[PDB]
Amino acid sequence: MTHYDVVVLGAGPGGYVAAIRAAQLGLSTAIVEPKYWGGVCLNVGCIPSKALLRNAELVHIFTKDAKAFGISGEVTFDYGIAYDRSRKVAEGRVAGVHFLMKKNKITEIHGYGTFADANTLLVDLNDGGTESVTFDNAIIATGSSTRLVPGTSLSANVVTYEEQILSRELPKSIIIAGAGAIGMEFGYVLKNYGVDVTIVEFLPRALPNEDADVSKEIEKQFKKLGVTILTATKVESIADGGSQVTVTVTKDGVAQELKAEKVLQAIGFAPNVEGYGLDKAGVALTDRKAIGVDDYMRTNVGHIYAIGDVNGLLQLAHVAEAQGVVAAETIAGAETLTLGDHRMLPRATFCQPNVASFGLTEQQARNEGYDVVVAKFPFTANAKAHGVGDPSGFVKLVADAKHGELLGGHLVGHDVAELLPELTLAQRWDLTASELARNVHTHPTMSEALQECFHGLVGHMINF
């Protein structure tokens, strides 16, 4: 039985990064993955996803603003090509992971890991073999799986993001359950490629986790794009009759049946917690069936850590990575910085215009008891926005009055996902609106919209 200082389960964004950090800190490392090196993100998530969003974005432009941009000529778009490009990008990143594992002398174990003890891991190698490994520390980065609508099930026409993302051919129509980022993005792409799209969301607003002002704007954008979004509507059942699928939904005691060629299941993702002997390791779960964890990613078992979607704190790639680093550094006894309140971490939805936020929404900060101060700046008043051809959206900043400290940021606009860094940095290192308003922003850029809010937070904006 080979023995490693550290052993990681799962090669996703969190796993492969936690191994890299471990290796750097001089820790004998081995990573166990049976299928996805780079996990969901690099294989059938983040990576292929954002490549497709880019193709859809172009179709959107060369279709609605072609004339406004002085572009003429009848052009067509082949989704097949978009599909092929997303797979190549995926292949590239995946090949890059192995390079990193190699560069860092990280041992690769190709199979499925199952805890047989708090320090022993039995593996079912992909080539039929079997090998057990011991370890002083273990990092569980097993990820999550798509949660299905209760009672429903997968089939030829009822699928998860996986079967859909790996589909080179597009259906005529589709019904998406869940108005979260994942659901909205597939909607943006598909709709732009000519697919009939209807998105159902139990909650009252699309992207319910975002600030209220953001949900409204985005819903207005999608309705215009031609996508039908039904909020406060419950998906009762899903029936795949082959030639088509029938989904029944209810709202205010009144039911109606929706029908389409396919239906995508995307209401949530449950942490992968069963099937690999967590019980034999003694790792406890939370009431939401997620691996319980502390500020240093430690489970109820001192030497066993849990990172990534599997802990369900913030199911995003950058978070997984970050937690991976924290787990690694803590094991090696090196200097680290707990992520702290995960609500403060940044997040983005990549439909166009983007959605980027961090921290608390206006209403949450209100309920939390802060002396809420708000500054909203519309992009219709931003030079760069008008120059790019998309002056919609806005920048909404939430802060506390006492010292002008940032509580949260909520943005909707062209590629606004790249404007968050400044906000989170200031929030983390006690920089207030006063210090923020003194940062000169290049002209003309979307980032100037952040400068204005800083001013409208400290007092009154200048160009407004």
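Residue positions are given as counts along the sequence shown, with the first one as 1.
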431-439 versus 406-414 - which carries the larger mean C-alpha B factor in the record: 431-439
Comparing 87-95 with 278-286, where is the mean C-alpha B-factor higher? 278-286
Per the deposited entry, the peak Cα B-factor within the set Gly80, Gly151, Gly393, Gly143 goes to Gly151
Member of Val355, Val319, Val245, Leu264 with the greatest C-alpha B factor (per the PDB record): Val245
Ranking the modelled residues of this chain by C-alpha B-factor as given in the entry, is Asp196 in the lowest, middle or highest third? middle
Relative C-alpha B-factor of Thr338, binned into the chain's lowest, middle or highest third: highest
Going by what the PDB entry lists, where does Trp37 fall on CA B-factor within its chain: lowest, middle or highest third? middle
Assert third(CA B-factor, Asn126) within chain per record equals highest
Can you work out whether the C-alpha temperature factor of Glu368 puts it in the lowest, middle or highest third of the chain? highest
